[PDB]
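Chemist: My questions all concern the structure below.
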Amino acid sequence: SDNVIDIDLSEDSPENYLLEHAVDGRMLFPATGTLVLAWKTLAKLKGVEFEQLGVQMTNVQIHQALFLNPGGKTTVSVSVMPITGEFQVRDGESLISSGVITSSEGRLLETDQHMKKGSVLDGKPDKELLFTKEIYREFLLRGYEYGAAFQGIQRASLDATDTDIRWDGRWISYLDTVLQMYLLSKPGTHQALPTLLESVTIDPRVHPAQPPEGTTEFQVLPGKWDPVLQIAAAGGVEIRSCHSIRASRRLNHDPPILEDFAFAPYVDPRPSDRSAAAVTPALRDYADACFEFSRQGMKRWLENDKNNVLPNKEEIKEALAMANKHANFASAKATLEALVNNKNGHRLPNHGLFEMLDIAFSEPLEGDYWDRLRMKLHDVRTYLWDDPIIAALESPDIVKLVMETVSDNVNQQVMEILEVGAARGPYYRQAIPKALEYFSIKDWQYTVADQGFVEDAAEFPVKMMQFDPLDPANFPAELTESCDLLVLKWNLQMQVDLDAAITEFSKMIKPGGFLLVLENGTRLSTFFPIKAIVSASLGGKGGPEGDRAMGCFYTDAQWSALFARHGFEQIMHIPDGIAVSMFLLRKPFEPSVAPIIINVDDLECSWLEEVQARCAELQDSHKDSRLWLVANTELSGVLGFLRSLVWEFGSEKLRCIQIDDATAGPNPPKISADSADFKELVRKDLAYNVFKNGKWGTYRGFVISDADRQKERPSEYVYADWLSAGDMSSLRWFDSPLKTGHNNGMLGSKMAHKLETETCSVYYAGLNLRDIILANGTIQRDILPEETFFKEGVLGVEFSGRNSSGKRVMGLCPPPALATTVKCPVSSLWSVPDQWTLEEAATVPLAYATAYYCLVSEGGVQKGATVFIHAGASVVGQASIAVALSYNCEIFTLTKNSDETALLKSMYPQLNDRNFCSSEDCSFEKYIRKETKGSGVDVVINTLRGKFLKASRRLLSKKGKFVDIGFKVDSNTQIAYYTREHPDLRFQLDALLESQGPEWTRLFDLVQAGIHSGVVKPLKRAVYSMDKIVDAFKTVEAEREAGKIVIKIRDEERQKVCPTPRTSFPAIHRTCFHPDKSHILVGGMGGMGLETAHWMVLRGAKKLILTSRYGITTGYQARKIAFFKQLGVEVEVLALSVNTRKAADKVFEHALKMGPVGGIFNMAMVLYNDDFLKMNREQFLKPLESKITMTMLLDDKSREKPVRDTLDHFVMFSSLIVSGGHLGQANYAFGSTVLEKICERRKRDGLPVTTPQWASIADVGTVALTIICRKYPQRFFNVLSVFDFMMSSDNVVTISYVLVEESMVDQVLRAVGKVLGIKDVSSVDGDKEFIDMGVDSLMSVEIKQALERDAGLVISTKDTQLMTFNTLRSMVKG
Ligand SMILES: NC(=O)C1=CN([C@@H]2O[C@H](COP(=O)(O)OP(=O)(O)OC[C@H]3O[C@@H](n4cnc5c(N)ncnc54)[C@H](OP(=O)(O)O)[C@@H]3O)[C@@H](O)[C@H]2O)C=CC1
Ligand SMILES: *P(=O)(O)OCC(C)(C)[C@@H](O)C(=O)NCCC(=O)NCCSC(C)=O
């Protein structure tokens, strides 16, 4: 109605700086933005200039978020009431801000900060001051992405009190920099969006005028944060009592890929090896049964045949001989159908071969046989391609080992892949999505070819071609020396003359190129029936290796001999054992000049000069020349040294060999010049040869599936939490730190109350409406008592189980009581009478504890009084009635339907139909006001809101008490709580349980008395198993029926005093650190170390020893070290480099004096970057002190007592240079690999070990100061999410890196899908509602404003979470 403001976010608009203010990629309109809009509107209403007006806003609620549209225009409709001052910023029919704005001509500023002249932060050292770089590192880690216009604070103190805010003319930015003093006054790790500024004064007549136009050296106005009054003041601005709401963090990039750098043998892999085929017992049994099906079926073909219709009839008869050589129909299917319908968990992903064998066999013998079934089997060809037998040599592990080992050894910049015969056996469907979509250093070229057009290869990044694959001598001459890798999936068998086929195909391979073949080698009669129908002809020429089986196919042993006979070198060979078999072949390499061997065994780098000289001649040598780096010991970082060296010299003449002495078999290799084992290696000419576990292989990074990050394993102590906040379908069971004895959240306030606690084993956990409210996002955990801020979880309070002595007990404890073990204060634990089962006792404590608090403690009920109870059927409602009846009260209750009324009457016979009303409408007021004869009700237990709350107040007697225990309070009544206008009684039982003072003991005595006197009686119950936690929570939320919901954790024993049997529960990982153990963080005072030490402190660590070469040398370090000490952590900062056994002893001496050493982390780095040839000895060994010299001295200490018995974690941070390499960092690659091998010797001996192998990381360190080797930097809040996975894992090194990535109907769908965090909208189901995937409270508003910004649709927020993708598509068209 009033002034409409147009925010122009264009390329050169003056308000283009408003885009330099984002929260994890969300470009929101500043909360102080609405303050200026309201401020300017009032001035325009008054007619004065907005800079000459002194205003004061009160209770500025940011009702909803405004998402600024980049490169566009947003409109708001500020409206100010003339005399009252009620201002309102809105956009259409949606509210965006509210409050009251008032102008005045007198002093509006409370604090006397507009008078300060200079800056208190003068003359202070650099280690007692924060600067612009360090202040906004703190904000960035919390999700606040400030740009250059919003980076006002130039300096500050370690206390955050004094600042040097900059004044540059813009008011929306200045008021935000004053609101940043509030945010950096509350150190933490979560992301909070301000939503209520209780008072703001912007008196501009005491504020310096706008800078003279053209200024660049803007002045700085001293500011200060008043922790007493909660006032942030700077110049002529003050913001007082600003509150915020926690928000979940959004990942701007895509999820990381985690791999497992592990050794993988090349030839004849044993079952225990990683390159071995994936043959579980279930698959082998399926092949046996299915092979029997082929045997039994093929018998029927030669029995029913009477018209001579069987294609290639003679072949089937010949094949049956093989089946009998390597040995009813109804039983054959019976066995398979038993396997096809079982759900024991040992099932195969799908049974495709049988579906193809069944359709062919079951098909009838009659006319058009050959053509009819040749057109039907071809339609189910997907079954043969996607089958467990065939998917055993196409699994991700084997496919990657193939493509990467080829990529490493191809000495060009583009990997050319040519597959011939792609219509029958396609290898692009496996090669591309499993191995070639993870490439980041080599670009690939895939060419599919066959007789016709490849239909299924249409969606893949391939190029098509046409020639005859089944006939040689006709392959186009344009393909000579055209591909580095040749793929022949199920193609060589269809040739008639193999010798003519191989010799011609070998002309395809470039010099040093590779060839790949997949063929059936064992049990050759199993797949024939499909082949017989599909193959037009089955006539082929045998060879010296033997006559071709059937007309096509050749036994594995024959293939190997044939390829060997034709002068091929077997680089790899993976025999599946059930059917197919893979060969990866390459021609021999005969050097014309003797190879050069340089032993790189030494770790002191006595070989550096030799390598430097002999690698400087690589650019002027014969192509056949080579340089081999040989290491005959386990500890040698030559696999990262080469991979970084090959970046500066090419892969034509750089090779390495590493013999692992520890794992070398009884016959170790004898690689020495004119040796025997060496000559074999030279012929293969592979860039990476490692002898480990008695086989030649290569170190490869195998991708860890994303499903394993949430895999559940047995755990003794577990507790329920949520994976994503605000989603009730994401509740899982995580590991509980109570395995360490103590509990998380022992920081800050929780250390002031030294309550004596009894460790209890939870048998039943009660579910209240408090837990559902927190779980489904209706309330953030910050509303709870401050003592629960750092707790592991906030779900569950009541329980019933057995104490440490075996007695049966029940009570209330600070959360999480929804666990299997709790530490309940001894003053909150009642004893179960010897008439209630542990199931019944789980319903009493909270329901009756709140009933007594509402009536006897807060309402002061008296005998004969009249009480009004809302929601009589609820658990607290039922408890309230029982207490009141014991007090001989007159009861009026609100019952939803007649079932609830009947239920209550049955439970309490004293209730007639006169004591019941209806909650459907506020018609009870007349009834209660007539039956009480106008006196009203003495006590009102209120849960309903809105008009029912008003009517309930009006029923109060003159001395009546109103107890409001509802959870979904309004906005005005939420302000009342903040400003101390009303008391917040909806989380008082929680607050009492933290303190457990005189107020609580009154309730403990009352409930305890109630048990004895018979008032306290168990309520109705509904037990839910542990795994049905999600269903239990939904049942409580719906409130479709009355009764308690209790989760059964264990089974109550028959005895009454007996020990709890030790059992395990399935739960997700959660790393925890012992509070009584000291943790060493070597080099932990920098970048990732300080933000990792923060993570450990939140997860249990309370004893840290941070080590550095100098000490605390920056203001950011001194601030966080002071922050930890404030939280109750004992931090000792040592300025000692551990580069000598003496120093290592000193560091651990200061450790054992704090507590048993229960962790050693090395996050040290000293980088020197330069080309390998220009680096002297001293310059080379610079990054080799924190990664080699240290890690061996820290390793040695952990191997010797008393640390060995006590040590629990041993983490050695590494980088991707070990697996990807880099240029100039030959030294850092060498050291980083030796750190990766010292962490595998620990695994051989069984000691704990972990070695994260990171990639570019953001927000903290080296990169912090983007895209290197095409890999995007990770967000640290993800670095710590995967790091938690890394610690609770069995592997040594876990690679973690991030790789960089129409109609109007599809336009908005992609945008809407992007909000939810979906990369392919089409992939997910079109019938699955948004709430099912997950839509918290900010994704819905973004979609709501996007469906209007992008299209004309205007939807409701609630409608967003219950609408499918199909609904959205069908709605935009309308
Ligand atoms: N940052 C990234 O993006 C990546 C990180 N990593 C790994 O993660 C860690 C990153 O830490 P980051 O802080 O980023 O590196 P920084 O260079 O940012 O700081 C590293 C710390 O190492 C400490 N340090 C170096 N040498 C010694 C020594 N001899 N004795 C004690 N302390 C020492 C320094 O303390 P002072 O300066 O006081 O001596 C410095 O604070 C490293 O271990 C690195 O290998 C892996 C891949 C990439
Ligand atoms: P639901 O629980 O209804 O969610 C309420 C939300 C959407 C969080 C709403 O209250 C909101 O968006 N408030 C935030 C307003 C805001 O963005 N203020 C600060 C500006 S951005 C900044 C600090 O970077």
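Identifiers in this document derive from the order of the structure tokens: chains are assigned A, B, ..., residues are numbered from 1 separately in each chain, and ligands are numbered from 1 in order of occurrence.
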List all protein, DNA and RNA residues that have an atom no more than 8 Å from any atom of ligand 2, counting only C-alpha atoms and all ligand atoms, and report them as a PDB file with N, CA and C atoms, in the first residue's frame.
Modeler:
```
ATOM      1  N   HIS A  21      26.341 -11.380   0.309  1.00  0.00           N
ATOM      2  CA  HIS A  21      25.923 -11.741   1.660  1.00  0.00           C
ATOM      3  C   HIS A  21      25.072 -13.002   1.522  1.00  0.00           C
ATOM      4  N   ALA A  22      25.685 -14.157   1.762  1.00  0.00           N
ATOM      5  CA  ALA A  22      25.027 -15.436   1.550  1.00  0.00           C
ATOM      6  C   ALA A  22      25.319 -16.353   2.725  1.00  0.00           C
ATOM      7  N   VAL A  23      24.436 -17.321   2.918  1.00  0.00           N
ATOM      8  CA  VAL A  23      24.536 -18.284   4.010  1.00  0.00           C
ATOM      9  C   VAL A  23      24.548 -19.667   3.370  1.00  0.00           C
ATOM     10  N   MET A  27      21.452 -16.768  -0.970  1.00  0.00           N
ATOM     11  CA  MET A  27      21.610 -15.315  -0.987  1.00  0.00           C
ATOM     12  C   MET A  27      20.351 -14.705  -0.382  1.00  0.00           C
ATOM     13  N   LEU A  28      20.398 -14.459   0.921  1.00  0.00           N
ATOM     14  CA  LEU A  28      19.258 -13.949   1.662  1.00  0.00           C
ATOM     15  C   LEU A  28      19.354 -12.437   1.829  1.00  0.00           C
ATOM     16  N   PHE A  29      18.197 -11.809   1.981  1.00  0.00           N
ATOM     17  CA  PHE A  29      18.155 -10.379   2.252  1.00  0.00           C
ATOM     18  C   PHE A  29      18.537 -10.144   3.710  1.00  0.00           C
ATOM     19  N   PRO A  30      19.485  -9.252   4.002  1.00  0.00           N
ATOM     20  CA  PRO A  30      19.943  -9.106   5.387  1.00  0.00           C
ATOM     21  C   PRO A  30      18.791  -8.815   6.338  1.00  0.00           C
ATOM     22  N   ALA A  31      18.895  -9.357   7.554  1.00  0.00           N
ATOM     23  CA  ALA A  31      17.912  -9.053   8.585  1.00  0.00           C
ATOM     24  C   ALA A  31      17.870  -7.565   8.893  1.00  0.00           C
ATOM     25  N   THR A  32      19.028  -6.904   8.901  1.00  0.00           N
ATOM     26  CA  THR A  32      19.067  -5.456   9.035  1.00  0.00           C
ATOM     27  C   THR A  32      18.659  -4.747   7.754  1.00  0.00           C
ATOM     28  N   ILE A  62      11.719 -11.190  11.985  1.00  0.00           N
ATOM     29  CA  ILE A  62      11.928 -11.578  10.580  1.00  0.00           C
ATOM     30  C   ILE A  62      11.080 -12.827  10.372  1.00  0.00           C
ATOM     31  N   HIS A  63       9.832 -12.603   9.961  1.00  0.00           N
ATOM     32  CA  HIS A  63       8.851 -13.683   9.926  1.00  0.00           C
ATOM     33  C   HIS A  63       9.284 -14.794   8.981  1.00  0.00           C
ATOM     34  N   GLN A  64       9.758 -14.431   7.795  1.00  0.00           N
ATOM     35  CA  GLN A  64      10.206 -15.400   6.806  1.00  0.00           C
ATOM     36  C   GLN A  64      11.375 -14.810   6.028  1.00  0.00           C
ATOM     37  N   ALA A  65      12.121 -15.686   5.365  1.00  0.00           N
ATOM     38  CA  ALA A  65      13.314 -15.312   4.626  1.00  0.00           C
ATOM     39  C   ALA A  65      12.950 -14.802   3.240  1.00  0.00           C
ATOM     40  N   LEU A  66      13.717 -13.823   2.771  1.00  0.00           N
ATOM     41  CA  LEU A  66      13.586 -13.281   1.425  1.00  0.00           C
ATOM     42  C   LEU A  66      14.819 -13.676   0.627  1.00  0.00           C
ATOM     43  N   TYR A 144      28.366 -18.569   7.240  1.00  0.00           N
ATOM     44  CA  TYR A 144      28.100 -17.190   6.830  1.00  0.00           C
ATOM     45  C   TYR A 144      29.144 -16.777   5.802  1.00  0.00           C
ATOM     46  N   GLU A 145      28.750 -16.756   4.531  1.00  0.00           N
ATOM     47  CA  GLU A 145      29.635 -16.318   3.458  1.00  0.00           C
ATOM     48  C   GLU A 145      29.467 -14.818   3.254  1.00  0.00           C
ATOM     49  N   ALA A 192      23.205 -19.956  12.654  1.00  0.00           N
ATOM     50  CA  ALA A 192      22.047 -19.306  13.251  1.00  0.00           C
ATOM     51  C   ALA A 192      21.632 -18.115  12.399  1.00  0.00           C
ATOM     52  N   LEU A 193      20.335 -18.025  12.103  1.00  0.00           N
ATOM     53  CA  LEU A 193      19.791 -16.920  11.328  1.00  0.00           C
ATOM     54  C   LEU A 193      19.008 -15.998  12.249  1.00  0.00           C
ATOM     55  N   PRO A 194      19.410 -14.740  12.432  1.00  0.00           N
ATOM     56  CA  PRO A 194      18.661 -13.861  13.339  1.00  0.00           C
ATOM     57  C   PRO A 194      17.200 -13.754  12.932  1.00  0.00           C
ATOM     58  N   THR A 195      16.321 -13.722  13.935  1.00  0.00           N
ATOM     59  CA  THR A 195      14.889 -13.646  13.685  1.00  0.00           C
ATOM     60  C   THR A 195      14.151 -12.684  14.601  1.00  0.00           C
ATOM     61  N   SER A 244      18.268 -15.638  17.505  1.00  0.00           N
ATOM     62  CA  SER A 244      18.457 -16.325  16.237  1.00  0.00           C
ATOM     63  C   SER A 244      17.869 -17.725  16.321  1.00  0.00           C
ATOM     64  N   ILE A 245      17.665 -18.326  15.151  1.00  0.00           N
ATOM     65  CA  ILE A 245      17.118 -19.672  15.028  1.00  0.00           C
ATOM     66  C   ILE A 245      18.115 -20.521  14.254  1.00  0.00           C
ATOM     67  N   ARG A 246      18.452 -21.682  14.807  1.00  0.00           N
ATOM     68  CA  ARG A 246      19.412 -22.573  14.174  1.00  0.00           C
ATOM     69  C   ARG A 246      18.862 -23.102  12.855  1.00  0.00           C
ATOM     70  N   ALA A 247      19.754 -23.260  11.879  1.00  0.00           N
ATOM     71  CA  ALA A 247      19.386 -23.746  10.557  1.00  0.00           C
ATOM     72  C   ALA A 247      20.377 -24.809  10.113  1.00  0.00           C
ATOM     73  N   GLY A 777      11.235 -30.892  14.174  1.00  0.00           N
ATOM     74  CA  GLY A 777      11.665 -29.546  13.867  1.00  0.00           C
ATOM     75  C   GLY A 777      10.767 -28.437  14.370  1.00  0.00           C
ATOM     76  N   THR A 778       9.729 -28.751  15.147  1.00  0.00           N
ATOM     77  CA  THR A 778       8.850 -27.703  15.649  1.00  0.00           C
ATOM     78  C   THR A 778       9.588 -26.775  16.603  1.00  0.00           C
ATOM     79  N   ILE A 779      10.591 -27.295  17.301  1.00  0.00           N
ATOM     80  CA  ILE A 779      11.424 -26.508  18.199  1.00  0.00           C
ATOM     81  C   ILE A 779      12.872 -26.934  18.018  1.00  0.00           C
ATOM     82  N   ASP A1336      12.817 -29.428   5.295  1.00  0.00           N
ATOM     83  CA  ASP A1336      12.785 -28.820   6.615  1.00  0.00           C
ATOM     84  C   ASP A1336      11.896 -27.567   6.552  1.00  0.00           C
ATOM     85  N   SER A1337      12.387 -26.408   6.987  1.00  0.00           N
ATOM     86  CA  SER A1337      11.539 -25.190   7.081  1.00  0.00           C
ATOM     87  C   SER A1337      12.065 -24.098   6.142  1.00  0.00           C
ATOM     88  N   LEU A1338      13.250 -24.276   5.563  1.00  0.00           N
ATOM     89  CA  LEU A1338      13.844 -23.254   4.706  1.00  0.00           C
ATOM     90  C   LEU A1338      13.799 -23.676   3.241  1.00  0.00           C
ATOM     91  N   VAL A1341      10.193 -22.658   1.900  1.00  0.00           N
ATOM     92  CA  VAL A1341      10.006 -21.255   1.543  1.00  0.00           C
ATOM     93  C   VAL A1341      10.754 -20.930   0.258  1.00  0.00           C
TER      94      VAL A1341
END
```
Chemist: Given a cut-off of 8 Å, what residues near ligand 1 show up using only C-alpha atoms and all ligand atoms, put as a ChimeraX atom specification?
Modeler: /A:1082-1089,1107-1113,1135-1139,1162-1167,1183,1185-1186,1190,1212-1216,1232,1253-1258,1260-1264,1273
Chemist: When DSSP is applied to the backbone of this structure, which of stretch 664-897 of chain A are assigned alpha helix (DSSP H)? Write them out as a VMD selection string.
Modeler: chain A and resid 676 to 684 769 to 775 838 to 841 844 to 852 875 to 886
Chemist: For stretch 585-598 of chain A, please output as a list in words all residues within 6 Å (counting only C-alpha atoms; exclusion window: fewer than 5 positions along the same chain).
Modeler: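 Residues near the query, excluding close chain neighbours: residues 514, 515, 568, 569, 570, 571, 624, 626, 627, 628, 629 and 683 of chain A.
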Chemist: Selection from above, N, CA and C atoms, as a short mmCIF file (atom, residue, chain, number, x, y, z; two decimals), in the first residue's frame, can you write it?
Modeler:
```cif
data_model
loop_
_atom_site.label_atom_id
_atom_site.label_comp_id
_atom_site.auth_asym_id
_atom_site.auth_seq_id
_atom_site.Cartn_x
_atom_site.Cartn_y
_atom_site.Cartn_z
N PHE A 514 46.95 -51.34 -25.03
CA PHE A 514 46.41 -52.50 -24.33
C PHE A 514 45.23 -53.09 -25.09
N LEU A 515 44.94 -54.35 -24.78
CA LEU A 515 43.81 -55.07 -25.35
C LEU A 515 43.09 -55.81 -24.24
N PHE A 568 51.91 -62.34 -27.01
CA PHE A 568 51.29 -61.36 -26.13
C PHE A 568 51.82 -61.52 -24.71
N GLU A 569 51.83 -60.42 -23.97
CA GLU A 569 52.26 -60.41 -22.57
C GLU A 569 51.03 -60.21 -21.70
N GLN A 570 50.77 -61.18 -20.82
CA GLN A 570 49.59 -61.14 -19.97
C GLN A 570 49.77 -60.16 -18.83
N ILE A 571 49.27 -58.93 -19.00
CA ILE A 571 49.35 -57.94 -17.93
C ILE A 571 48.41 -58.30 -16.79
N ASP A 624 63.22 -45.63 -26.46
CA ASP A 624 63.30 -46.90 -25.74
C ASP A 624 63.96 -46.77 -24.38
N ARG A 626 64.64 -45.90 -20.48
CA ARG A 626 63.78 -46.02 -19.31
C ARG A 626 64.58 -45.64 -18.07
N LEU A 627 63.85 -45.26 -17.02
CA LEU A 627 64.44 -44.96 -15.72
C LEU A 627 63.61 -45.67 -14.66
N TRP A 628 64.19 -46.68 -14.03
CA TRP A 628 63.50 -47.49 -13.03
C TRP A 628 63.99 -47.12 -11.63
N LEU A 629 63.04 -46.84 -10.74
CA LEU A 629 63.32 -46.59 -9.33
C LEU A 629 62.91 -47.84 -8.56
N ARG A 683 59.59 -56.40 -20.03
CA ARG A 683 58.73 -56.72 -21.17
C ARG A 683 57.33 -56.15 -20.98
#
```
Chemist: Show which residues sit within 7 Å of stretch 487-495 of chain A, as JSON, numbers by chain. Count only C-alpha atoms, and ignore same-chain residues fewer than 6 positions away.
Modeler: {"A": [418, 419, 420, 421, 424, 425, 426, 427, 470, 471, 515, 516, 517, 518, 519, 540, 552, 553]}
Chemist: Go ahead and write the residues just picked, N, CA, C and O atoms, as a JSON list (two decimals), in the first residue's frame.
Modeler:
```json
[["chain", "number", "residue", "atom", "x", "y", "z"],
["A", 418, "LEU", "N", 38.29, -48.08, -27.66],
["A", 418, "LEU", "CA", 37.52, -48.60, -28.79],
["A", 418, "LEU", "C", 37.03, -49.99, -28.42],
["A", 418, "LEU", "O", 37.84, -50.87, -28.11],
["A", 419, "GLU", "N", 35.72, -50.19, -28.44],
["A", 419, "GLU", "CA", 35.11, -51.49, -28.18],
["A", 419, "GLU", "C", 34.42, -51.93, -29.47],
["A", 419, "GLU", "O", 33.65, -51.18, -30.06],
["A", 420, "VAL", "N", 34.73, -53.15, -29.90],
["A", 420, "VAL", "CA", 34.21, -53.67, -31.16],
["A", 420, "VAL", "C", 33.20, -54.77, -30.85],
["A", 420, "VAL", "O", 33.48, -55.67, -30.04],
["A", 421, "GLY", "N", 32.04, -54.71, -31.49],
["A", 421, "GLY", "CA", 30.98, -55.65, -31.21],
["A", 421, "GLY", "C", 30.18, -55.23, -29.99],
["A", 421, "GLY", "O", 29.91, -56.04, -29.10],
["A", 424, "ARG", "N", 26.40, -56.98, -28.92],
["A", 424, "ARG", "CA", 26.23, -58.20, -28.15],
["A", 424, "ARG", "C", 26.66, -58.00, -26.70],
["A", 424, "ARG", "O", 25.85, -58.15, -25.78],
["A", 425, "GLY", "N", 27.93, -57.67, -26.48],
["A", 425, "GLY", "CA", 28.42, -57.41, -25.15],
["A", 425, "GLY", "C", 28.88, -55.97, -25.00],
["A", 425, "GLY", "O", 29.94, -55.59, -25.49],
["A", 426, "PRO", "N", 28.07, -55.14, -24.34],
["A", 426, "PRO", "CA", 28.48, -53.75, -24.11],
["A", 426, "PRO", "C", 29.30, -53.58, -22.84],
["A", 426, "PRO", "O", 28.85, -53.97, -21.75],
["A", 427, "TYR", "N", 30.49, -53.02, -22.97],
["A", 427, "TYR", "CA", 31.33, -52.70, -21.83],
["A", 427, "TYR", "C", 31.30, -51.22, -21.47],
["A", 427, "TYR", "O", 31.92, -50.83, -20.48],
["A", 470, "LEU", "N", 32.41, -59.54, -36.86],
["A", 470, "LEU", "CA", 32.48, -60.99, -36.92],
["A", 470, "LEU", "C", 33.24, -61.51, -38.14],
["A", 470, "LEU", "O", 33.32, -62.72, -38.32],
["A", 471, "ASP", "N", 33.80, -60.62, -38.97],
["A", 471, "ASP", "CA", 34.57, -61.04, -40.13],
["A", 471, "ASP", "C", 35.84, -60.20, -40.20],
["A", 471, "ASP", "O", 35.76, -58.96, -40.26],
["A", 515, "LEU", "N", 44.94, -54.35, -24.78],
["A", 515, "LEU", "CA", 43.81, -55.07, -25.35],
["A", 515, "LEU", "C", 43.09, -55.81, -24.24],
["A", 515, "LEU", "O", 43.73, -56.37, -23.34],
["A", 516, "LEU", "N", 41.76, -55.82, -24.30],
["A", 516, "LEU", "CA", 40.94, -56.39, -23.24],
["A", 516, "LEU", "C", 39.92, -57.33, -23.85],
["A", 516, "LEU", "O", 39.25, -56.98, -24.83],
["A", 517, "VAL", "N", 39.79, -58.53, -23.28],
["A", 517, "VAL", "CA", 38.88, -59.55, -23.77],
["A", 517, "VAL", "C", 38.16, -60.18, -22.59],
["A", 517, "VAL", "O", 38.73, -60.38, -21.51],
["A", 518, "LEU", "N", 36.87, -60.48, -22.79],
["A", 518, "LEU", "CA", 36.06, -61.21, -21.82],
["A", 518, "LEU", "C", 35.43, -62.40, -22.53],
["A", 518, "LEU", "O", 34.74, -62.22, -23.54],
["A", 519, "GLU", "N", 35.67, -63.61, -22.02],
["A", 519, "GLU", "CA", 35.21, -64.83, -22.66],
["A", 519, "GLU", "C", 34.82, -65.86, -21.62],
["A", 519, "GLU", "O", 35.31, -65.83, -20.49],
["A", 540, "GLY", "N", 33.14, -72.62, -36.64],
["A", 540, "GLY", "CA", 34.43, -71.98, -36.47],
["A", 540, "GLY", "C", 35.56, -72.97, -36.65],
["A", 540, "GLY", "O", 35.37, -74.19, -36.56],
["A", 552, "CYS", "N", 31.27, -72.18, -31.19],
["A", 552, "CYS", "CA", 31.89, -71.02, -30.58],
["A", 552, "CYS", "C", 32.20, -71.33, -29.12],
["A", 552, "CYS", "O", 31.66, -72.27, -28.55],
["A", 553, "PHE", "N", 33.08, -70.51, -28.55],
["A", 553, "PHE", "CA", 33.58, -70.63, -27.17],
["A", 553, "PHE", "C", 34.91, -71.36, -27.13],
["A", 553, "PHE", "O", 35.19, -72.22, -27.97]]
```
Chemist: Looking only at the backbone, which of the residues in stretch 537-785 of chain A does DSSP tag as strand (DSSP E), as a PyMOL selection string?
Modeler: chain A and resi 569-575+580-586+596-599+627-631+654-659+688-692+695-704+713-715+718-722+731-735+757-767
Chemist: Nearest residue to residue A:923 out of A:952, A:828, A:451, A:942, using only C-alpha atoms?
Modeler: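 Ranked by minimum distance to residue A:923, first place goes to A:952.
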Chemist: May I have a table of the residues of stretch 1019-1051 of chain A lying at most 8 Å from stretch 760-774 of chain A, giving each one's closest pair of atoms and their distance in Å to one decimal, counting only C-alpha atoms, ordered by chain and ascending residue number, as a Markdown table?
Modeler:
```
| residue | atom | partner | partner_atom | distance |
| --- | --- | --- | --- | --- |
| A:1033 | CA | A:772 | CA | 6.2 |
| A:1036 | CA | A:769 | CA | 6.8 |
| A:1037 | CA | A:772 | CA | 6.3 |
| A:1044 | CA | A:767 | CA | 7.0 |
| A:1045 | CA | A:767 | CA | 5.3 |
| A:1046 | CA | A:766 | CA | 4.4 |
| A:1047 | CA | A:765 | CA | 5.1 |
| A:1048 | CA | A:764 | CA | 4.7 |
| A:1049 | CA | A:763 | CA | 5.0 |
| A:1050 | CA | A:763 | CA | 4.8 |
| A:1051 | CA | A:763 | CA | 6.8 |
```
Chemist: Output the selection as an mmCIF file, in the first residue's frame - C-alpha atoms for each residue.
Modeler:
```
data_model
loop_
_atom_site.group_PDB
_atom_site.id
_atom_site.type_symbol
_atom_site.label_atom_id
_atom_site.label_comp_id
_atom_site.auth_asym_id
_atom_site.auth_seq_id
_atom_site.Cartn_x
_atom_site.Cartn_y
_atom_site.Cartn_z
ATOM 1 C CA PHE A 1033 7.360 -41.275 16.742
ATOM 2 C CA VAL A 1036 2.706 -39.994 18.954
ATOM 3 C CA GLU A 1037 2.606 -37.073 16.519
ATOM 4 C CA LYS A 1044 1.625 -43.986 26.076
ATOM 5 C CA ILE A 1045 4.170 -45.079 23.482
ATOM 6 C CA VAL A 1046 7.116 -46.955 24.994
ATOM 7 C CA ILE A 1047 10.104 -48.367 23.118
ATOM 8 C CA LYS A 1048 11.195 -51.798 24.349
ATOM 9 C CA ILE A 1049 14.993 -51.820 24.576
ATOM 10 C CA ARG A 1050 15.546 -55.184 26.296
ATOM 11 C CA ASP A 1051 13.404 -58.043 27.589
#
```
